[PDB]
Amino acid sequence: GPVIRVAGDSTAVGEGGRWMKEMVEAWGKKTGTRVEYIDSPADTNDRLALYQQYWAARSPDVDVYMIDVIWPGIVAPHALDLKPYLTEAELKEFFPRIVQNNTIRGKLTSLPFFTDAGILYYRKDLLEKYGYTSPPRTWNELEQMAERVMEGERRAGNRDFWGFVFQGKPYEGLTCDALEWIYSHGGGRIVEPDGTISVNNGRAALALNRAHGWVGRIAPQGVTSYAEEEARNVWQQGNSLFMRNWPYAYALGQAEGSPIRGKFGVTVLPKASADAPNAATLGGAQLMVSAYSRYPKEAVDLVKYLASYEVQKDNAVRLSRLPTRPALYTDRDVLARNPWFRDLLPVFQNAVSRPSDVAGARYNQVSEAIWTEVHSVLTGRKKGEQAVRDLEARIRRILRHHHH
Ligand SMILES: OC[C@H]1O[C@H](OC[C@H]2O[C@@](O)(CO)[C@@H](O)[C@@H]2O)[C@H](O)[C@@H](O)[C@@H]1O
């Protein structure tokens, strides 16, 4: 009978790949269907390039793909329209915002699987050791606390200790960190949902200059090569006061034999001043049935299972990844394991989106311009003022003649 083949998530990032293959195998066993799991590179933009090879070839060799929240506009031609397979009631069990994200020109490209948002991880033991009673609310506070804790920890002999780690590698994760910096300084959304390229402004420039000011100071020099797992590993070995990362790092940092188990909390990222908006970049994964799958019916059943209440629950409890079902945020087991889901739910719902809706199929080119110009500031090659001006010019070229 059929073999349903699934490309999604990466065994190179936390436990996602392993857990996903487990879920797929469990569906296989439950239904008596053969399945195979195809692994992927770590970085989402590398995964896109890989999957684009299959799509270009109209390959039937993958039936289901896990896609990023930024992809529906790019991948729509390669997606089976899911809309005929779900009732309005079934669809309403997911966050409307994400269903809408995943719907391009009325086609439901994919089902919401897990969402995501950038948050601040902090060492509560260290904050208390140094006389602080709350995590920082402003970037200036983050910097002050990071300087003082680092000076103390370094003096006590931890030469590996830093104040802050984040994603500064030139790749999609940097676009995410940078949208947070820019938006939390009142500098806008880089490209606004109406199409306006707003990024050339003094607040955005300041946000980038501030980030530059972290590099090799409160953050490792090597941060300009860090993706999610590089940041996480410095943090999880106990060597960073703060980290910007996604929810998944929480369950990993609490696991038995984690050096930082019980020593950390999470909160909303800081901002420039009390009247700036809170910034958490919207991330996450959706499940797409390939337009080139020879087994659409079976693929859709697998996607419905993966997106189901109990599989999302398992994802939440075991991997601390965010459900796309509002009902799971009131589930007693989910909340008992992850009490911060309740506190940060409004942060997750107000998460700020990268400009994938407005750039559509050109999003990946837009994002590359963003991470390359941002990276130039992080390395001290350009000032934020120059970079945001060059970025405006590049995005104008990229999006000239594109309409949403
Ligand atoms: O790097 C940008 C990318 O970050 C997040 O996805 C990357 C991986 O992070 C996870 O651990 C989930 O938090 C893995 O499951 C992902 O493969 C975010 O979800 C993306 O939207 C974002 O583009």
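Order of listing sets the numbers, starting from 1, for every ligand and every atom in it. All residue numbers in this chain count up from 1 along the given sequence.
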**Asked** Can you find a protein heavy atom under 4.0 Å from atom 2 (C) of ligand 1?
**Response** yes
**Message:** Check for me whether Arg325 meets the cation-pi criterion with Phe95, that is, NZ or CZ under 6.0 Å from the six-membered ring centre and within 45 degrees of the ring axis.
**Reply:** no
**Request:** Distance to 0.1 Å, residue and atom name: give those for the protein heavy atom nearest to atom 18 (C) of ligand 1.
**Result:** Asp116 OD2, 3.4 Å
**Prompt:** What do you reckon, is CZ of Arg137 surrounded by more than 12 foreign heavy atoms closer than 6.0 Å?
**Reply:** no
**Request:** Mark yes when over 12 heavy atoms from residues, nucleotides or ligands other than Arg97 sit less than 6.0 Å from its CZ; otherwise mark no.
**Result:** yes
**Message:** Counting only heavy atoms closer than 4.0 Å, does ligand 1 sit against the backbone of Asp9, its side chain, both, or neither?
**Reply:** side chain
**Request:** Name the option, out of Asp177, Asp68, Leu319, that contains the heavy atom nearest to atom 23 (O) of ligand 1.
**Result:** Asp68
**Request:** List every atom of ligand 1 that sits less than 4.0 Å from any heavy atom of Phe114, numbering the atoms from 1 in the order shown and giving each element.
**Result:** 12 (C), 15 (O)
**Asked** Given that the side chain starts at C-beta and the backbone is N, CA, C, O, which of these parts of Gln167 lies under 4.0 Å from ligand 1, counting heavy atoms, or is it both or neither?
**Response** neither
**Message:** Please work out, at 4.0 Å between heavy atoms, whether the side chain, the backbone, both, or neither of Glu229 comes within that distance of ligand 1.
**Reply:** neither
**Asked** Less than 3.5 Å between some nitrogen or oxygen of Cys176 and one of ligand 1, yes or no?
**Response** no
**Request:** Show your working on side chain to side chain contact (heavy atoms under 4.5 Å, CB included) between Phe161 and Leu126 and close with a plain yes or no.
**Result:** CA-CA 12 Å; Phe161 191 85; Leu126 293 175; 3.7 Å; yes
**Request:** Mind listing the closest non-hydrogen atom pair of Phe341 and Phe348 along with its distance?
**Result:** O-CE1, 4.2 Å
**Asked** Below 6.0 angstrom between ring centroids: does that apply to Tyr121 and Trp246?
**Response** no
**Item:** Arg154 to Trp162 six-membered ring, cation-pi geometry met (6.0 Å, 45°)
**Value:** yes
**For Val13, atoms of ligand 1 separated by under 4.0 Å from a heavy atom** = 11 (O)
**Request:** Would you check whether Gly284 reaches within less than 4.0 Å of ligand 1, judged by its heavy atoms?
**Result:** yes
**Message:** Return the closest protein heavy atom for atom 4 (O) of ligand 1 as residue, atom name and distance.
**Reply:** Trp246 NE1, 3.1 Å
**Prompt:** Looking at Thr11, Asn315, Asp314, which hits side chain to side chain donor-acceptor pair (under 3.5 Å) with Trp19?
**Reply:** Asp314
**Item:** For atom 16 (C) of ligand 1, the option (of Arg47, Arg232, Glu172, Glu228) bearing the nearest heavy atom
**Value:** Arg47
**Asked** Which of the numbered atoms in ligand 1 are below 4.0 angstrom from a heavy atom of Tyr171?
**Response** 1 (O)
**Request:** Could you check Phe242, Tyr122, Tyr250 and say which one makes a ring-ring contact (aromatic ring centres under 6.0 Å, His included) with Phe264?
**Result:** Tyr250
**Message:** How about CD on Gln100, more than 12 heavy atoms from neighbouring residues, nucleotides or ligands closer than 6.0 Å, or not?
**Reply:** no
**Request:** Go through ligand 1 atom by atom and flag the ones less than 4.0 Å from a non-hydrogen atom of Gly173.
**Result:** 1 (O), 2 (C)
**Request:** Identify, by atom number and element, the atoms of ligand 1 in contact range of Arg321, meaning under 4.0 Å from any of its heavy atoms.
**Result:** 15 (O)
